């Protein structure tokens, strides 16, 4: 396996960013997931070599940090907060609306590999509960009609 030049350049940029190469591990993994829509298991070996780290170390790091997904490829990750404030304010209403629009439940991917619902702990926007993210973008859920309009922006 080989990374495309547009990704390799970005990974080398992160590797050259911190004083020590190994400190760039999480920035590199975020970059791999943003490019592929998941962490391809094949990417770990060339990443380990670039970081000058053993494969076992990299594998352990990917498994520890739960933002990284090695199982499902998805263009857009819908991160739904399932913590205390959002639960109290309407997480279930948000999940019901997501199921009506996309036909999927948490942990599932749409048949076109477009959306995955990812249940997550507090996203730190509790005053705007129930909270959800669509990749890097973050929103307060208001209603199904409002949610439908937000999701239509992700093509």
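Residue numbers count along the first chain shown, from 1.
Of the two stretches examined, 24-32 and 107-115, the record assigns the greater average C-alpha temperature factor to 107-115. Comparing 117-125 with 56-64, the stretch with the higher mean C-alpha B-factor in the PDB entry is 56-64. Sort the modelled residues of the chain by CA B factor and residue 130 lands in the lowest third. Ranked against the other modelled residues of its chain, the C-alpha B-factor of residue 87 as given in the entry falls in the lowest third. Residue 140 sits in the lowest third of its chain by CA B factor, as recorded in the PDB entry.
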